[PDB]
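K.L.:
Contents are PDB, C-alpha atoms; file name start_26.pdb:
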MODEL        1
ATOM      1  CA  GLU A   1      -8.520  21.217 137.074
ATOM      2  CA  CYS A   2      -9.297  24.795 138.221
ATOM      3  CA  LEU A   3     -11.784  25.551 141.039
ATOM      4  CA  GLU A   4     -15.090  27.238 140.080
ATOM      5  CA  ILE A   5     -16.928  29.747 142.329
ATOM      6  CA  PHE A   6     -17.868  28.633 145.893
ATOM      7  CA  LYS A   7     -15.165  25.909 145.746
ATOM      8  CA  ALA A   8     -13.219  25.101 148.955
ATOM      9  CA  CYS A   9      -9.662  26.382 148.291
ATOM     10  CA  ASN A  10      -6.529  26.786 150.474
ATOM     11  CA  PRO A  11      -4.431  29.930 151.028
ATOM     12  CA  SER A  12      -1.208  27.980 150.271
ATOM     13  CA  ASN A  13      -2.691  25.872 147.429
ATOM     14  CA  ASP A  14      -4.447  28.419 145.168
ATOM     15  CA  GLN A  15      -6.088  26.596 142.223
ATOM     16  CA  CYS A  16      -9.051  28.836 141.248
ATOM     17  CA  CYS A  17     -10.172  29.296 137.606
ATOM     18  CA  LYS A  18      -8.609  32.484 136.143
ATOM     19  CA  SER A  19     -10.630  32.313 132.879
ATOM     20  CA  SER A  20     -13.867  32.584 134.933
ATOM     21  CA  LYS A  21     -12.512  35.582 136.956
ATOM     22  CA  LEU A  22     -12.422  33.501 140.185
ATOM     23  CA  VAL A  23      -9.891  33.806 143.055
ATOM     24  CA  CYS A  24      -9.441  31.792 146.294
ATOM     25  CA  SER A  25     -10.636  34.003 149.186
ATOM     26  CA  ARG A  26      -9.978  33.035 152.839
ATOM     27  CA  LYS A  27     -12.822  35.409 153.867
ATOM     28  CA  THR A  28     -15.437  33.160 152.181
ATOM     29  CA  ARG A  29     -13.227  30.021 152.638
ATOM     30  CA  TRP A  30     -13.588  29.235 148.883
ATOM     31  CA  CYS A  31     -13.188  30.625 145.326
ATOM     32  CA  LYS A  32     -14.962  34.003 144.999
ATOM     33  CA  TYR A  33     -15.528  36.262 141.953
ATOM     34  CA  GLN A  34     -12.932  39.073 141.759
ATOM     35  CA  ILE A  35     -14.501  42.498 142.477
TER      36      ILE A  35
ENDMDL
END
What would you get if you wrote out this structure as structure tokens?

P.N.:
Amino acid sequence: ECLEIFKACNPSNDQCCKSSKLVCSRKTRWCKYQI
């Protein structure tokens, strides 16, 4: 399952939802919308 926004994600294990324009960001420590 993909990770929605504000979801704890790892820099080595990226599993964010691409259909919802979300990407794992180490700055926020979780999935963040792509600017």

K.L.:
Do you know which residues lie at most 12 Å from (-13.1, 30.8, 135.7), with coordinates as in the file and only C-alpha atoms counted, and could you write them as a PDB file with C-alpha atoms, in the coordinates of the input?

P.N.:
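Full text of point_12.pdb as output:
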ATOM      1  CA  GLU A   1      -8.520  21.217 137.074  1.00  0.00           C
ATOM      2  CA  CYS A   2      -9.297  24.795 138.221  1.00  0.00           C
ATOM      3  CA  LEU A   3     -11.784  25.551 141.039  1.00  0.00           C
ATOM      4  CA  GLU A   4     -15.090  27.238 140.080  1.00  0.00           C
ATOM      5  CA  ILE A   5     -16.928  29.747 142.329  1.00  0.00           C
ATOM      6  CA  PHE A   6     -17.868  28.633 145.893  1.00  0.00           C
ATOM      7  CA  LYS A   7     -15.165  25.909 145.746  1.00  0.00           C
ATOM      8  CA  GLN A  15      -6.088  26.596 142.223  1.00  0.00           C
ATOM      9  CA  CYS A  16      -9.051  28.836 141.248  1.00  0.00           C
ATOM     10  CA  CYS A  17     -10.172  29.296 137.606  1.00  0.00           C
ATOM     11  CA  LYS A  18      -8.609  32.484 136.143  1.00  0.00           C
ATOM     12  CA  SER A  19     -10.630  32.313 132.879  1.00  0.00           C
ATOM     13  CA  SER A  20     -13.867  32.584 134.933  1.00  0.00           C
ATOM     14  CA  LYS A  21     -12.512  35.582 136.956  1.00  0.00           C
ATOM     15  CA  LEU A  22     -12.422  33.501 140.185  1.00  0.00           C
ATOM     16  CA  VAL A  23      -9.891  33.806 143.055  1.00  0.00           C
ATOM     17  CA  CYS A  24      -9.441  31.792 146.294  1.00  0.00           C
ATOM     18  CA  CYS A  31     -13.188  30.625 145.326  1.00  0.00           C
ATOM     19  CA  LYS A  32     -14.962  34.003 144.999  1.00  0.00           C
ATOM     20  CA  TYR A  33     -15.528  36.262 141.953  1.00  0.00           C
ATOM     21  CA  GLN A  34     -12.932  39.073 141.759  1.00  0.00           C
TER      22      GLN A  34
END

K.L.:
Quick one: which residues end up in the PyMOL selection byres ((chain A and resi 11) around 12) for this structure, as a PDB file with C-alpha atoms, in the frame of the given file?

P.N.:
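File produced: part_9.pdb:
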ATOM      1  CA  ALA A   8     -13.219  25.101 148.955  1.00  0.00           C
ATOM      2  CA  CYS A   9      -9.662  26.382 148.291  1.00  0.00           C
ATOM      3  CA  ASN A  10      -6.529  26.786 150.474  1.00  0.00           C
ATOM      4  CA  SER A  12      -1.208  27.980 150.271  1.00  0.00           C
ATOM      5  CA  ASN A  13      -2.691  25.872 147.429  1.00  0.00           C
ATOM      6  CA  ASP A  14      -4.447  28.419 145.168  1.00  0.00           C
ATOM      7  CA  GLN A  15      -6.088  26.596 142.223  1.00  0.00           C
ATOM      8  CA  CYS A  16      -9.051  28.836 141.248  1.00  0.00           C
ATOM      9  CA  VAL A  23      -9.891  33.806 143.055  1.00  0.00           C
ATOM     10  CA  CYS A  24      -9.441  31.792 146.294  1.00  0.00           C
ATOM     11  CA  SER A  25     -10.636  34.003 149.186  1.00  0.00           C
ATOM     12  CA  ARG A  26      -9.978  33.035 152.839  1.00  0.00           C
ATOM     13  CA  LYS A  27     -12.822  35.409 153.867  1.00  0.00           C
ATOM     14  CA  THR A  28     -15.437  33.160 152.181  1.00  0.00           C
ATOM     15  CA  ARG A  29     -13.227  30.021 152.638  1.00  0.00           C
ATOM     16  CA  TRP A  30     -13.588  29.235 148.883  1.00  0.00           C
ATOM     17  CA  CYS A  31     -13.188  30.625 145.326  1.00  0.00           C
TER      18      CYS A  31
END

K.L.:
Adding 3 Å on each side of the box along x, y and z that holds all listed atoms of stretch 4-11 of chain A, could you give its centre and edge lengths in Å to one decimal, as JSON?

P.N.:
{"center_x": -11.1, "center_y": 27.5, "center_z": 145.6, "size_x": 19.4, "size_y": 10.8, "size_z": 16.9}
